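Listed next as structure tokens is one chain, alone, in the form deposited in one PDB entry.
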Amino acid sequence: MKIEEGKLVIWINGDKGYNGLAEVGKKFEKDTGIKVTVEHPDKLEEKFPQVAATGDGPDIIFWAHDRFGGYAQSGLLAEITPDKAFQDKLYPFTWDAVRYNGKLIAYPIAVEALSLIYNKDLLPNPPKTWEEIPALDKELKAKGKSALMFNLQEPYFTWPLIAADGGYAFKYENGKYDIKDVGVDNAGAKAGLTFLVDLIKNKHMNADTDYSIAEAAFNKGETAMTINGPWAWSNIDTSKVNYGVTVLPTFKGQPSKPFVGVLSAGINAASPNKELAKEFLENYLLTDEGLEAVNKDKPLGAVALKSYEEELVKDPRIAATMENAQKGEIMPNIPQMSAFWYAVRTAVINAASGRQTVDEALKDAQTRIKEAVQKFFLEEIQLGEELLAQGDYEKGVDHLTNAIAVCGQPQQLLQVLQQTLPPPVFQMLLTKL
């Protein structure tokens, strides 16, 4: 319990280059004395918030930035304090992905986006744009031995299709997300998922296809294309398949819109080694030499460090990654992203398996998301009132702002609060808007 005392523990997903990370740690331990222990547990993005509520867990946790707003919101993450000189060394937009309540809550590392990966021997010239070729993606598989295999179990991999003709998580009106304008239930979304289920009903894909199956199929030459991120490339090299990495096909003339993750590194708020964790991230990991050591293990994508990214952009595969990234959307980092992912994972699994229709499946996902934002609103009103009565006004009012962010009529609620708050507390609330 309460790990540890003068060492660093890091968690990263088992699909990343954790051996390369451990190399950077050794170098850290050599220059310094401080041992670095890198682990790759399962469901780390769900294990993390549990054990960090304990006050336990790792010092540093790696995940895509979408989860981090939820951690920050629960107070599991220390604010980070790069000094301007250092902020200049990373791209502004990666710095935006790790901003929550106007505070930086992680160090951005890399930009990950899915791409179409194809076997050049089986298939020189991959199915363009889809969109006279989904008839022919459908038919390209008709020259059987399998045209396409990728992970149906995780909705990250199916979203690019669900979103192509208008599906979406939460609407932007010009910046602020309108949580409760949810788009998993709409025409665009129903059509993309329908097309997916039709691929399965016509026997071009198996609904039980997972990560390892698809990885294995492509790596043995049994299928002509997979959908995957840069981490997968090193295995494909090892497999000695002659492969390309290209743009995802379009749907109804429109590009596939992947959700783009920025692999990020948060510092546990309960960590006793926050200054050590900072020296490592800024002065070891985030260096040309640190990122190359991770990248040689499993490629990172387009790194957030400019000096190093200036070399990687000469790789066509990285050009392919960035096109797809540009055509898609950078993920929200808001706490509701969790409910979104879980709702949609259930919709995709159920429709593919046949347990519900496309429509029923997306409407139950739409409903679950709305219910999660509503639950969260009640919680935050309650929390808000309590941490006022205990005189922790700054936190007390922070929860009231959270509630207002997800409200039906936020103006009606602002009135009630000026009526129930003492004026200084009300003013202090307006600063947290």
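Rigid core (definition): largest C-alpha set, two forms, superposition within 1.5 Å. Each residue number is its position in the shown sequence, starting from 1.
One more form of this protein exists, namely the form deposited with a partner chain bound; it is left out here, but the text below deals with it.
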Single mover in 166, 134, 244, 82, with Cα shift of 2 Å or more between this form and the one not shown when the core is superposed: 134
Taking the rigid core as the reference frame, tell me whether residue 144 has a CA displacement of 2 angstroms or more between this form and the one not shown. yes
Could you tell me whether residue 159 and residue 143 have their C-alpha atoms closer or farther apart in the entry with it bound than in the shown form, knowing the shift is 3 angstroms or more? farther
Shown form as baseline, in the entry with it bound, CA residue 148-residue 133 shift of 3 Å or more puts them closer
